[PDB]
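Enquirer: Dropping a structure here in structure tokens format, bear with me for questions.
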Amino acid sequence: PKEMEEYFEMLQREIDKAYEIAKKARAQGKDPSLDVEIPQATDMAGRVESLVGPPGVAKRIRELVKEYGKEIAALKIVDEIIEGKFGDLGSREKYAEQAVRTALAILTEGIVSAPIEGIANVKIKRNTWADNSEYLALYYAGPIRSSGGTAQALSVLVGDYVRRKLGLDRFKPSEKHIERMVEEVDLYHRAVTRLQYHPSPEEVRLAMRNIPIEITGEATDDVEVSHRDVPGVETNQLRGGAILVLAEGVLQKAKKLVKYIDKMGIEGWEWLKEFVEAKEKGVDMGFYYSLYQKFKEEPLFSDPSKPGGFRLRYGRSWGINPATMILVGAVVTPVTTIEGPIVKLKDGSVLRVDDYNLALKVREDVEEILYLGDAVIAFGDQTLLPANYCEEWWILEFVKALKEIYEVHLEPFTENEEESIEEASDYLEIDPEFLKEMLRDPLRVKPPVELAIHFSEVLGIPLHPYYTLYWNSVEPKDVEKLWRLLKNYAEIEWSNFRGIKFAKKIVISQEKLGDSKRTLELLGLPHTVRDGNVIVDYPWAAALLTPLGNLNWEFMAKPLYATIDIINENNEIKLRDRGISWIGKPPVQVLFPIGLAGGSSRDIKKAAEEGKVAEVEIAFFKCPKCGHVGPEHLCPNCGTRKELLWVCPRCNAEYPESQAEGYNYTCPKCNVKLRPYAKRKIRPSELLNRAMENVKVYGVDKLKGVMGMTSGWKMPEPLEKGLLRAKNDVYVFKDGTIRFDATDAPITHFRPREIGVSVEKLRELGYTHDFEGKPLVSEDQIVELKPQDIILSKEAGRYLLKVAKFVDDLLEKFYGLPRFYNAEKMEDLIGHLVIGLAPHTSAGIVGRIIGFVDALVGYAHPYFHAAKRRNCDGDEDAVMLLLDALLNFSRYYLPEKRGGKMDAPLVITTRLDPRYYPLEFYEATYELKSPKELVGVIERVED
Ligand SMILES: [Zn+2]
Ligand SMILES: [Zn+2]
């Protein structure tokens, strides 16, 4: 649709405006990179290319996914990479690395960080202790944990496919290789991290003897092992990344992994299928009174007489009348054919409200909601509730009676044969066009009460449910009382249709009726109060008196009988129950290490004020122009971009980036690897005073940094960024972003009034029509939510306003750029963009703020925060302002070792591109079955 395409284009314009500002800011060289560190993508193909490449892959992925699906496509890409279709990548090791990252990113839809943060390296090595044959090794980093077990297990299968395509042999561990792993898993689980799945020593041996690649990595934890100096294992400490992949990946997710091996047809994994099966192999009573009794056996201020909730309605696939939306995981959808609420007005009048227009008219006069309305819930879903009598059930009984009595064959919810409609019309004394419409749409086309009664009389069918009151909501003793008051004090006007005598109008004094007025309300009887009288007009006078036999038989309360049981025992016209079932800190301002110098609160301002010196592991930069050394990116003397100094951890020799690159990040006269940082003496007073001068902000209360950096780089964030955060009362996350940790609920529809946004604002946002396709002109209209449009809580809005003020201060004071947001109130953020990031994911989704709710839980479209991610059991989301993330996020701030629940936005997604049950079903709900038993019932009926 052109409306959706225009929406996606509007978002691109807004995204591009944010990237142009951030590119200008980053070009200045005050940050770890001269570029914006968050690439954007349209789709999973684009996510793959943007994250790990190779260039031109996204185009191939689209073609391959369209032909073969995601799983097979990943293998086809590995083949093409190795064949050189994406250019000469150089060494077999560079081809292996590219094919590993790309294929794993394809399989994980570019949603997780395993291809970037999880795999540090891919190496070709030899089984020197064995046959000296070549094999593939994957070097896993501790942050692999952030991607979940499924991603970890798939990296192993990808590694195996890649090594086979490169013609490499299998990894053939020595007995010392296997035992070191057994030891490592034990020591890791015991004192580092408790494994989600803790394998037995023999399970570790099984995995180790059968995984065809080496699951390895650099040391993640300073914990010495006893199986030391193993050939090919370049550490004597714990390889946490590897341990996680083996236990929490391959063994924990072994059942999910075998499904992938099956979809992909990879051989040599029978040992894993055998592991999965081994884990598996080791006085009389009334009908309704009886039904309500069995039904029980299977808020304190609330009215006991009033049943709580919506009237259950089984759907063949949630569904709510627009009038109940105005007057009152699951997603609500407007359905105009089902029933709305039953309301009592201030004047005492009782009314059914089944349309949007009537709901608006009575809204100001509603005194009580007697009945909430229907809720259409799909049977697809374990105790199953008895079905409420409804038009769907009644129409089936109506057509069964025509077949049984007259041999006329008719079907509901379809076009019928003219001759059959005519035959039945002649027997029923009705209009063929009326019958056609009632059969086609029984929820919309109801007969008048006299014809409903005539249908029951002729066909022996229960009274139509539209004319069935909530008889069983009332105790039989109260119907008995009501009966006497009507018999003695009511003035009744009668009518006669084809020999059927029925009530046309009931007039009873409010005085004479008394307490029984409450019985009429509980019955859901529509009535009016005028001139001290209760008046029951047509068709409701017959709905009341026809089940009571026009007061020709006396209603008497009987023990162990429900009201409908008494009616059904004594009345010619029979009923079914229309209402039996009812439903319903933070502690950091700047990423800057202060050690113990800022006391217990890591206060940089206190450290600088007390003239304290800090000894912290921190990265230093050398100026090539003058020679200045310090923790900043730009030179404070000549303003030229400074070069990172690499340090040898032994001789403490300093080597600038280019010199370190020549020496392959290894000291030229020590065989030990260089570090981008060292333990250094820091003088916060000179650093903070310069930062204060730069941004012209002095009056900060406190400035909370970190005790130490958890990144591999230990490259601090500029203090200027912290000063502006403290000024704006905002706090930073580990990666340089500011996040609001929210809980959101899925929605598909909204009303402007409910989100506190005007019709004109929404028209400017591109909303043209309501759910019915009618022009959007009222704040009360029900509107369909656009896929990336989100409603935040007022709590989110209150914090985000502060973030917008920090971004604007940063742009102007630190970057010398114009302000962007200019927000004073949270409503100024409507139309502005955010990044939504779910737990265990590294692909954020672009969202547009369209409104705010007074509640703690915000709203988003089901596509924005999928039920699948919500089943990876995080209803929590993190929200960042788009521009805050583009300016302030850096991969150089990512944790080196710890992989938690919350990951980073490694990429952002800019586009989110997208009859009836048989009679036997309804009858079977009365015999209290489960849906397993009932699906069998429906499947057998559909021969
Ligand atoms: Zn300089
Ligand atoms: Zn050295």
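Residues are referred to by chain and number: the chain letter is A, B, ... according to the order shown in the structure tokens, the number counts from 1 in that chain, and ligands are numbered separately from 1 in the order shown.
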Which chains and residue numbers are within 9 Å of ligand 2, counting only C-alpha atoms and all ligand atoms, if I want them as a list in words?
Expert: residues 647, 648, 649, 650, 651, 652, 653, 666, 667, 668, 669, 670, 671, 672, 673 and 674 of chain A
Enquirer: Could you list the protein, DNA and RNA residues that have any atom within 9 Å of ligand 1, counting only C-alpha atoms and all ligand atoms, and write them as a PyMOL selection string?
Expert: chain A and resi 622-629+634-642
Enquirer: Any chance you could list, as a count of residues only, the residues in region 558-640 of chain A that come up strand (DSSP E) when DSSP is run on the backbone?
Expert: 11
Enquirer: Identify which of the residues A:310, A:925, A:233, A:531 lies closest to residue 347 (chain A), counting only C-alpha atoms when measuring atom-to-atom distances.
Expert: A:531
Enquirer: Kindly assemble as CSV a list of the region 314-402 of chain A residues that lie within 12 Å of region 458-462 of chain A, each paired with its nearest atom pair and their distance in Å to one decimal, using only C-alpha atoms, sorted first by chain and then by ascending residue number.
Expert:
```
residue,atom,partner,partner_atom,distance
A:389,CA,A:462,CA,9.5
A:390,CA,A:462,CA,10.9
A:391,CA,A:462,CA,11.2
A:393,CA,A:462,CA,10.4
A:394,CA,A:462,CA,7.5
A:395,CA,A:461,CA,9.8
A:396,CA,A:461,CA,10.1
A:397,CA,A:461,CA,6.6
A:398,CA,A:461,CA,6.6
A:399,CA,A:459,CA,9.4
A:400,CA,A:459,CA,9.2
A:401,CA,A:459,CA,5.6
A:402,CA,A:459,CA,7.0
```
Enquirer: Could you write out the selected residues, including N, CA, C and O atoms, as a CSV table (one decimal), in the first residue's frame?
Expert:
```
chain,number,residue,atom,x,y,z
A,389,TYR,N,-24.9,-19.2,24.8
A,389,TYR,CA,-25.8,-19.2,23.7
A,389,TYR,C,-25.7,-17.9,22.9
A,389,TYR,O,-25.7,-16.8,23.5
A,390,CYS,N,-25.4,-18.0,21.6
A,390,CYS,CA,-25.2,-16.9,20.7
A,390,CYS,C,-25.8,-17.2,19.3
A,390,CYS,O,-26.2,-18.4,19.1
A,391,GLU,N,-25.8,-16.2,18.4
A,391,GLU,CA,-26.4,-16.3,17.1
A,391,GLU,C,-25.7,-17.5,16.2
A,391,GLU,O,-26.4,-18.1,15.4
A,393,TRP,N,-24.6,-20.3,17.3
A,393,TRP,CA,-25.1,-21.6,17.8
A,393,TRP,C,-26.6,-21.7,17.4
A,393,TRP,O,-27.0,-22.7,16.7
A,394,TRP,N,-27.4,-20.7,17.7
A,394,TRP,CA,-28.8,-20.7,17.3
A,394,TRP,C,-29.1,-20.9,15.8
A,394,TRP,O,-29.9,-21.8,15.6
A,395,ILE,N,-28.3,-20.3,14.9
A,395,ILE,CA,-28.6,-20.4,13.4
A,395,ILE,C,-28.4,-21.9,13.0
A,395,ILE,O,-29.1,-22.3,12.1
A,396,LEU,N,-27.5,-22.6,13.7
A,396,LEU,CA,-27.2,-24.0,13.4
A,396,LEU,C,-28.3,-24.9,13.8
A,396,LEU,O,-28.5,-26.0,13.2
A,397,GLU,N,-29.0,-24.6,14.9
A,397,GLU,CA,-30.1,-25.3,15.5
A,397,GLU,C,-31.3,-25.0,14.6
A,397,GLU,O,-32.1,-26.0,14.3
A,398,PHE,N,-31.4,-23.8,14.1
A,398,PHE,CA,-32.5,-23.3,13.2
A,398,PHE,C,-32.4,-24.1,11.8
A,398,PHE,O,-33.4,-24.6,11.4
A,399,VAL,N,-31.2,-24.3,11.3
A,399,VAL,CA,-31.0,-25.0,10.0
A,399,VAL,C,-31.2,-26.6,10.2
A,399,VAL,O,-31.6,-27.2,9.3
A,400,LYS,N,-30.8,-27.1,11.4
A,400,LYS,CA,-30.9,-28.5,11.7
A,400,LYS,C,-32.4,-28.8,11.8
A,400,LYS,O,-32.8,-29.9,11.3
A,401,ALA,N,-33.2,-28.0,12.4
A,401,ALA,CA,-34.7,-28.1,12.5
A,401,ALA,C,-35.4,-28.1,11.2
A,401,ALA,O,-36.3,-28.9,10.9
A,402,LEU,N,-34.9,-27.2,10.2
A,402,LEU,CA,-35.5,-27.2,8.9
A,402,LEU,C,-35.3,-28.5,8.2
A,402,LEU,O,-36.2,-29.0,7.5
```
Enquirer: Quick one: residues within 12 Å of residue 827 (chain A), only C-alpha atoms, excluding same-chain residues fewer than 5 positions away - as JSON, numbers by chain?
Expert: {"A": [755, 756, 757, 758, 761, 791, 792, 793, 794, 796, 797, 798, 800, 801, 821, 822, 832, 849, 850, 851, 852, 853]}
Enquirer: Apply DSSP to the structure's backbone, then extract all residues of region 319-353 of chain A labelled alpha helix (DSSP H) and return them as a count of residues only.
Expert: 6
Enquirer: Between A:515, A:498, A:606, A:147, which is the closest to residue 838 (chain A) once you count only C-alpha atoms?
Expert: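 Closest residue, counting only C-alpha atoms: A:147.
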